[PDB]
4 protein chains.
Amino acid sequence: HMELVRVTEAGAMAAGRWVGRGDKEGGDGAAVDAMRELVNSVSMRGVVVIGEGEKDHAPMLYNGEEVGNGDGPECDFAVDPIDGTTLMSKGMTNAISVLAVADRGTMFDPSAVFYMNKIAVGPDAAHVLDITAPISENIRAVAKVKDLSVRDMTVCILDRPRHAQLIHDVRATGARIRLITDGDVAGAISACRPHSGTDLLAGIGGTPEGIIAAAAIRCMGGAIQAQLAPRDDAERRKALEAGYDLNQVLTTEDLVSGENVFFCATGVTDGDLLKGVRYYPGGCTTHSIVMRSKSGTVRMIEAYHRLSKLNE
Amino acid sequence: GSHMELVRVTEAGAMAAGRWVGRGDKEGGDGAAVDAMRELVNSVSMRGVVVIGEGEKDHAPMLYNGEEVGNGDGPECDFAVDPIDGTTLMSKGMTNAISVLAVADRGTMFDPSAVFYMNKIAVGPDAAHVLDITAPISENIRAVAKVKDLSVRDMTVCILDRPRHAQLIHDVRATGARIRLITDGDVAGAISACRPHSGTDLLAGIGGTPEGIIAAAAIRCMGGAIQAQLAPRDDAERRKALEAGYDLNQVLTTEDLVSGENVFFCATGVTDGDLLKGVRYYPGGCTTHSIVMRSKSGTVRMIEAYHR
Amino acid sequence: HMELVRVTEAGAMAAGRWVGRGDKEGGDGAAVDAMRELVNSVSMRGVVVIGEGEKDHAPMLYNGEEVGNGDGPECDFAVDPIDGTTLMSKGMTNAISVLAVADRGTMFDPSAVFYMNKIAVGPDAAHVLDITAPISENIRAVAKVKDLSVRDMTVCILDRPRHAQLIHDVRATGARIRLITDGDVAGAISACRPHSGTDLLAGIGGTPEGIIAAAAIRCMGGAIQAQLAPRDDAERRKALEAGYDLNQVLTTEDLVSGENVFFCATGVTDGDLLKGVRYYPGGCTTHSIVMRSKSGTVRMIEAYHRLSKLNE
Amino acid sequence: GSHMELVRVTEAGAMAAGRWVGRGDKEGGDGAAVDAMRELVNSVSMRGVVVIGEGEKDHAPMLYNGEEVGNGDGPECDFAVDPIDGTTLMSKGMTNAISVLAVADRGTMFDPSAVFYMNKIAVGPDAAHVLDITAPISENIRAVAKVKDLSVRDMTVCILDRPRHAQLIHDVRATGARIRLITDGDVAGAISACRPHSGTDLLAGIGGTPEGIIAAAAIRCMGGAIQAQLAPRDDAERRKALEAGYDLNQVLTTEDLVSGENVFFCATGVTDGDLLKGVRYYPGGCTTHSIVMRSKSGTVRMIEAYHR
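Calculation criteria
Residues numbered from 1 in each chain as written, not as in the entry; some residues may be left out. Chains lettered and ligands numbered in written order. Heavy atoms only, no water. Helix = DSSP H or I, 4+ residues; strand = E, 2+ residues; numbered from the N terminus. Buried < 20%, exposed > 50% of the residue type's maximum accessible area, 1.4 Å probe, protein only. Contact = heavy atoms within 4.5 Å. Rg over C-alpha atoms; globule rule 2.2 N^0.38 Å. Areas by Shrake-Rupley, 256 points an atom, 1.4 Å probe, with all protein chains shown as cover. UniProt positions renumbered as here; feature names shortened; annotations may be inferred. Core = buried A, V, L, I, M, F, W, Y, C linked by side-chain atoms within 4.5 Å. Buried area = accessible area lost by both parts, 1.4 Å probe. Salt bridge = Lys/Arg side-chain N within 4 Å of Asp/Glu carboxyl O. Polar contact = N/O pair within 3.5 Å; in protein donor to acceptor, adjacent residues only side chain to side chain. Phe/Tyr/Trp six-rings, centres within 6.5 Å; stacked < 30°, edge-to-face > 60°. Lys NZ or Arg CZ within 6 Å of the ring centre and 35° of its normal. Domains from an automatic or database assignment. Nonpolar A, V, L, I, M, F, W, Y, C, P; charged D, E, K, R; others polar. Pairing = 2+ DSSP bridges. Axes fitted to C-alpha atoms, helices over the stretch in contact; angles between N-to-C directions.

- Its PDB header names X-ray crystallography as the technique used to obtain the model and reports a resolution of 2.601 Å.

### Remarks on the overall build of chain A
Moving on, step 1. Broken down by element type, chain A carries nine helices and 14 strands.
Moving on, step 2. Taken over the C-alpha atoms alone, chain A extends approximately 60 × 45 × 40 Å along its principal axes.
Moving on, step 3. Scored against the burial criterion, the 312 residues of chain A give a buried share of 59%.
Moving on, step 4. Restricting to contacts in chain A with at least 6 residues of sequence separation, those with at least 24 account for 67%.

### Observations concerning the overall build of chain B
Moving on, step 1. Counting its regular elements, chain B contains nine helices and 13 strands.
Moving on, step 2. Here chain B has a C-alpha radius of gyration of 19 Å; the compact-globule value for 308 residues is 19 Å, and the two agree.
Moving on, step 3. In terms of overall dimensions, chain B has C-alpha extents of about 50 × 45 × 40 Å along its principal axes.
Moving on, step 4. Looking at chain B as a whole, 61% of its 308 residues qualify as buried.
Moving on, step 5. For chain B, the computed accessible surface area is about 11,700 Å², with 48% contributed by carbon and sulfur atoms.

### Things to note about the UniProt feature "binding site: Mn(2+) 1" in chain B
All names here are of chain B.
Moving on, step 1. When the UniProt feature table is mapped onto this chain numbering, "binding site: Mn(2+) 1" sits at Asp 30 and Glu 54. In terms of the greatest pairwise C-alpha distance, the residues named above, spread along 25 residues, form a tight cluster of at most 9.6 Å across.
Moving on, step 2. Within the secondary structure layout, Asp 30 lies in helix α2 (residues 26–41).
Moving on, step 3. Within the secondary structure, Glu 54 is located in the loop between β1 (48–52) and β2 (68–69).

### A word on the nonpolar core
Moving on, step 1. Among the nonpolar cores identified, the biggest contains 58 residues, and A:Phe77, B:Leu6 and B:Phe79 are the most heavily contacted of them.
Moving on, step 2. Residue contributions to this core peak at seven residues, all from α2(B).

### Details of the interface of chain C and chain B
Moving on, step 1. Between chain C and chain B, the residue contacts involve 25 residues of the former and 28 residues of the latter.
Moving on, step 2. Taken over both partners, the interface formed by chain C and chain B buries close to 2,200 Å², and the fraction arising from carbon and sulfur atoms is 44%.
Moving on, step 3. Taken as a group, C:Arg17, C:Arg21 and C:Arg176 account for 25% of the area that chain C buries against chain B, more than any other trio of residues on that side.
Moving on, step 4. At the boundary of chain C and chain B, one finds one salt bridge.
Moving on, step 5. Put simply, B:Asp154 and C:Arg17 hold a salt bridge, and the shortest N to O gap is 2.4 Å.
Moving on, step 6. Our enumeration of links across chain C and chain B arrives at 16 residue pairs in polar contact.
Moving on, step 7. Mapped onto the side of chain C that touches chain B, the elements with two or more residues apiece are α3 (85–90), β7 (176–180) and β12 (278–279) of chain C.

### Regarding the pattern of salt bridges
Residue and element names in this part refer to chain A.
Moving on, step 1. One pass over the structure, following the stated rule, counts 54 salt bridges over all chains.
Moving on, step 2. Salt-bridge contacts for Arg 104 lead to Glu 74; the nearest nitrogen and oxygen are separated by 4.0 Å. Taken as a pair, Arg 104 in the loop between β4 (96–103) and β5 (115–121) and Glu 74 in strand β3 (residues 74–83) lie far apart in primary sequence, 30 residues in all.
Moving on, step 3. Residue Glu 74 is classed as partly exposed on the basis of its relative accessible area of 35%.
Moving on, step 4. Across the pair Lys 118 and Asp 184 runs a salt bridge whose closest N-O atoms are separated by 2.6 Å. With a gap of 66 residues between them, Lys 118 in strand β5 and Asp 184 in helix α6 (residues 184–192) connect regions that are remote in the sequence. The burial state of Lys 118 is the same as that of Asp 184; both residues are buried.
Moving on, step 5. One continuous salt-bridge network, built from bridges that share partners, spans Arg 45, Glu 74, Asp 76 and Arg 104.

### Digging into the packing of aromatic side chains
Moving on, step 1. In total, this model carries four aromatic pairs over all chains according to the counting rule given.
Moving on, step 2. Here the basic side chain of A:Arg21 rests over the ring of A:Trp18, its NZ or CZ set 4.8 Å away from the ring centre.
Moving on, step 3. Sitting above the plane of the C:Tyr279 ring, C:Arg17 keeps its charged end 3.8 Å from the centroid.

### What about the UniProt feature "binding site: Mn(2+) 1" in chain A?
Residue and element names in this part refer to chain A.
Moving on, step 1. Within the UniProt annotation, "binding site: Mn(2+) 1" is assigned to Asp 28 and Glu 52.
Moving on, step 2. Along the chain, the position of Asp 28 falls in helix α2 (residues 24–39).
Moving on, step 3. Once residues lying within four places of it in the same chain are set aside, the contact partners of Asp 28 are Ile 82 and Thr 85.
Moving on, step 4. Looking at the element boundaries, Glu 52 is found in the loop between β1 (45–50) and β2 (66–67).
Moving on, step 5. Residue classification places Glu 52 among the partly exposed positions, given a relative accessible area of 36%.
Moving on, step 6. In contact with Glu 52, other than residues within four places in its own chain, are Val 32, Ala 58, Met 60, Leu 61, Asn 63 and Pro 81.

### Considering the interface of chain B and chain A
Moving on, step 1. Contact with chain B, which involves 28 residues of that partner, is made by 19 residues of chain A.
Moving on, step 2. Carbon and sulfur atoms supply 46% of the area that chain B and chain A bury against each other, a total of about 1,800 Å² over both sides.
Moving on, step 3. Taken as a group, B:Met4, B:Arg301 and B:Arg308 account for 26% of the area that chain B buries against chain A, more than any other trio of residues on that side.
Moving on, step 4. Linking chain B with chain A are two salt bridges.
Moving on, step 5. A:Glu9 serves as the salt-bridge partner of B:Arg301, at 2.3 Å between the closest nitrogen and oxygen.

### Description of the domain arrangement of chain A
All names here are of chain A.
Moving on, step 1. The domains assigned to chain A are domain 1 (1–104 + 260–312) and domain 2 (105–259).
Moving on, step 2. A straight line from the C-alpha centre of domain 1 to that of domain 2 covers 23 Å.
Moving on, step 3. Listed by partner, the interface residues are 29 residues for domain 1 and 28 residues for domain 2.
Moving on, step 4. When the two sides are added together, the surface that domain 1 and domain 2 hide from each other amounts to roughly 2,200 Å², 69% of it contributed by carbon and sulfur.
Moving on, step 5. On the domain 1 side of the contact with domain 2, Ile 50, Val 261 and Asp 272 bury the most area, a combined 24% of that side's loss.
Moving on, step 6. Taken together, the connections running from domain 1 to domain 2 amount to one salt bridge.
Moving on, step 7. Of the charged contacts, one joins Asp 272 and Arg 178 as a salt bridge, the two residues approaching to 3.7 Å between their closest N and O atoms.
Moving on, step 8. Scanning the region where domain 1 abuts domain 2 turns up eight residue pairs in polar contact.
Moving on, step 9. Of all the elements in the fold, those that place two or more residues in the side of domain 1 that touches domain 2 are β1, β3, β4, β11 (261–267) and β13 (283–292).
Moving on, step 10. For the side of domain 1 that touches domain 2, a count of residues per class yields 17 nonpolar, four polar and eight charged.

### Digging into helix α6 (residues 186–194) of chain D
Moving on, step 1. Counting buried positions over the nine residues of α6(D) gives nine, a clear majority of the element.
Moving on, step 2. Turning to α6(D), its buried residues number three or more, namely D:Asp186, D:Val187, D:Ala188, D:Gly189, D:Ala190, D:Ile191, D:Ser192, D:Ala193 and D:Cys194.

### Some thoughts on the sheet that holds strand β9 (residues 225–230) of chain B
Residues and elements named next belong to chain B.
Moving on, step 1. Spatially, the five strands line up as an open sheet ordered β7-β6-β8-β5-β9, and their pairing is mixed. Both outer strands of the open sheet, β7 (178–182) and β9, are each paired with one neighbouring strand and no more. Within this sheet the neighbouring strands show an average axis-to-axis angle of 20°, counted without direction.
Moving on, step 2. Relative to strand β8 (residues 202–208), strand β6 (residues 156–160) is paired through two bridges, and the arrangement is parallel. Bridge assignment links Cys 158 to a residue of β8, and that residue is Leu 203.
Moving on, step 3. Helix α5 (residues 166–175) contacts β6, β7 and β8 of the sheet and is inclined by roughly 155° relative to β7.
Moving on, step 4. The strands touched by helix α6 (residues 186–194) within the sheet are β5 (117–123), β6, β7 and β8, with β8 carrying the most contacts at an inclination of about 160°.

### Structural notes on the arrangement of the chains
Moving on, step 1. When C-alpha atoms are compared, chain A and chain C, though not in contact, are closest at a spacing of 16 Å.
Moving on, step 2. With no contact formed, the shortest span from any C-alpha in chain B to any C-alpha in chain D equals 13 Å.

### Here's the deal with the pairing of β1(B)
Regular strands place side chains that alternate from one sheet face to the opposite one.
All names here are of chain B.
Moving on, step 1. For β1, a buried count of five out of five residues is recorded, marking the element as mostly surrounded by other parts of the structure.
Moving on, step 2. Bridging between β1 and β2 involves two bridges; their strand directions are antiparallel. Note on β2: the bridge partner recorded for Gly 48 is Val 69.

### A few points about the sheet that holds strand β5 (residues 117–123) of chain D
All names here are of chain D.
Moving on, step 1. Reading across from one edge, β7-β6-β8-β5-β9 is the order of the five strands in this open sheet, with mixed pairing throughout. Single-partner strands in this sheet number two, and they are β7 (178–182) and β9 (225–230). On average, each strand axis in the sheet is tilted by 20° relative to the strand beside it, whichever way the strands run.
Moving on, step 2. Packing of α6 onto the sheet brings it into contact with β5, β6 (156–160), β7 and β8 (202–208), and relative to β8 it is tilted by some 160°.

In structure tokens form, the structure reads like this:
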């Protein structure tokens, strides 16, 4: 329901007061607290599948917690109160507050392994992706299915040392790189939205971000492919002991299946799709995206919040 | 406590109205819009009565004054619908056709057929405190202009183009202000007056009483002020109103027109206007542009929807 | 040169003060006077080919007059200080102030006959037009070359009694009609601009408006076809005696030939492409289009004019 | 007296810079931008000298400090070019790369290598009258906020992300304001400060002296104020400036930085920024987004160009 946008609107507005203030935990707490107060007010019966972590040293929106007013069917609840906490704390671009809802039990287990390799593309080339192939074959494939020259392709990649080869290969095909410092989820949405200046998202990031990204892709169209990415053999055992086929190419629908999927986001700082919170004498504005798998409707929502009296 | 889902009602009205723009068929557009809006309001979870609508039930089968509408009996509230504000504009492909819905606590909407027309003045939040419909239009113009920090000749006054407004136009012209004459679209006019960088600084003139009420709902949520006084047609109507309880000397404020504490208003562009883009079609679906506002919070939402 | 936009900017700003004020001549004089003062200041050597009329009871920008600072090659000069004077006087939409420049002698004679039948289309169907055929065959042709359904075609037509059959035919094909009360020139630009919601302009209007429309079409792309339209047999003699082949289908390049063509316009009231003049405490804004045949570059220009002191 | 044709210089810079965004090649983008800008300025009809440019002529072949540029010797004027403000941002595909040109009466531009860095503060027209670079940053914040009618915690202060600004950041944070840290882009930062609904209420910190001069040109035309004081690196430079004629205690105003009566400034988006969209390509050509302003008239033009 469109009401869920008020959850990310509250998370963005709380985080807005911490933009640039060098306090990551201050910003997270504000957003987490505003989001939970407002989510326990929406007509919804939810369990936190993706959130701040497990119960002990994450006392709010911990994985397992119940959320919503009490009524409604039960459903999976994923929340990233600030995707890009460090971006927020330093006043840098592309921080967003993020929520996704899906049928109960239909979200992948975010704790399987911390990281996953991802590639994502918009709808027109949703069926030519292969994460097992080198990035060049994916670039060339997508550039052909989209009929563009390869020097006009843009690949969004997190700027990390572990990506030195991924970055070199993309350049060596002549395509371009949009280097982001954080925001896997925003990066995927960018690759999937019509003519955004970004054709492909590629690289290794977090397993929760990948699941949250898949929920949006289930709504706006396109495809993500993923494989788990153990950080060492210790985690690789833990992943195998738990019963994961570490060679499976996980698809959008593996990460979030289920008939009904909701995604919405609101900008914290100015970014690639959403403007961040802006302040005025009377109040503030927020910029939000809201989407739904069943209809496929996508709404862009600009909201003025008068934090004051009428007619001042 | 938010009810953004009511945007679906004007979104449906406008998507129906939109397959009729530019076809010369005023009633075909109205009819389709009323259809889709009736289907959709009876699927939102709040029971209300249609207080302002398509006339009454002997020759308006749908959205007639008094119809029970909505799905689950939540709280009862007033419903005012204008399936196309700008039906002629819609038929001829012209700008500023919008589809409008208003909802307020049950009983709190003024009576729409007490008198058919009422004289109006309306201005936005920044100059609402100088309004005086009993003063001449020149004094409102100069007062509004001073507050707004504009010369009188920078001012732009929106007036309906009707024979009845010949003296009003003369007196507005005599002051030095510009005029924006509209053929119809009384609601969108008043909303323009209350938006900042819109081009309309003031709305004035005699329009319909339902449109005045719908306008007041909007203003309740976004800020500003409209003042009105009933303007009976002839001698029968002036009797009908005096022996109804109304002081004809009375200035009606926004809150007299819509007095509820919970007012909601939304509108969706049919054709391109100075506030909302019109519905645009392409193969996969269409896009609508809407405004949704709530008086309790004072929150105003611009909603651009891509339907698939 | 982009400097020419200041001519239409001045014409719009002068007319702005007459919007809605019920005085057609007041508005025309203001615009005519502001345009001429500013055109005699641009690096240009011009002769007024299309203007306010002949020398006697049109004392400013009369057909024949010299314009510009004195320097430069000589060139044809067309000016419509307010296209839609009645729209301006009543505060109605779509009034614009209009200027076109072309090689000297390369503009059609605007006095041949008062009126002309016109049809105009954007570039993608610029080669399937035929003004001699019924409107239906032109609609269907354009709808096929554009691959759209015919019920999705929109035809812009002046609302005049002399168009009762043109309007009936367009409806009878199921296409839509954008009924305008004035603004031939704006209507053509609308039909020729990419995705404007207007596919075709059709009908009889003024010969100067048709020539001014062709100058823009020489710049932004597309096609106009025209034939002169005598209002009676008296004018038909005058047109024949002067040596016109009243059956010629005049083309864009017949109306304005010449290697170099300039067009620009600025909104007076709010319209289909340009916003009208808007007033603020410090000043005003104008909205303008400027285009050039040789480059094909089209510029949209928003200008804030501070009619005051700096930093107030 | 208008010279809108100078937009072609940054339009060419940005169209060259744009075929390099997202390629990791900072110098390949710079080089292409300098190329096209040199070609184009030597084809506009006003002779000037490059006063601010790509360094000096032994290892900057083009746009070196002192180069005669322009076509026909009109009046002689000062030329300041920044072919890409945001070269690193351009190489990495990030926002806010712009291509910049500034021109003023000959001799009226401050000397760019008197000192390399200068401390800066800048704000827009509405609060320019409270600026005081000699006061602490907290007092400017609260003063600017009062004028702007904002709480201190609504304020947003743009600061370069450099080790040298650790105390500045601490003192800005200590007041309650938000910060917008930028990695580079000193010019675009200051222009943001002077635009209304931009998100940046104040710019502060030590940046380069050329960028400060280019910024003052902009401000001369659009309104607002920048204040600066020279900030010599070490002991050699502080001598170089004292025995050059400069009072180190001196507050420099906008007009001290650019003193001409005729200043022009234009900029074109390279990548998307908070003021200008970046160059976008398609098959037939491309589109650029530019700002052109002139101090004599105070006219500001947003120019969206479709090149074929």
